[PDB]
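Asks: Starting off with a structure, shown below.
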Amino acid sequence: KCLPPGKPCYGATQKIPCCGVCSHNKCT
């Protein structure tokens with residue numbers, strides 16, 4: 001499923017779509 005809110009994304013190097021966007025190393 002999509003990543004939950006608060007997940008630290010690593011820039012754009014990952015095949016996992018975040019529910020929101022990358023905010024200060026996070027995912028909304």
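Residue numbering for the sequence shown follows the deposited numbering, starting at 1 and increasing by one per position.
The beta-carbon is built from N, C-alpha and C at its ideal position, and this holds for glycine as well.
Express the C-alpha separation of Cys-9 and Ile-16 in angstroms, rounding to a whole number.
Replies: Their Cα atoms are separated by approximately 9 angstroms.
Asks: Does the distance from the CB of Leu-3 to the CB of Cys-22 come in under 8 angstroms?
Replies: Their beta carbons are not under 8 angstroms apart, which means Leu-3 does not touch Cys-22 by this criterion.
Asks: Could you compute how far the alpha carbon of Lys-7 sits from the alpha carbon of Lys-1?
Replies: Rounded to whole angstroms, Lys-7 to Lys-1 spans 13 angstroms at the Cα level.
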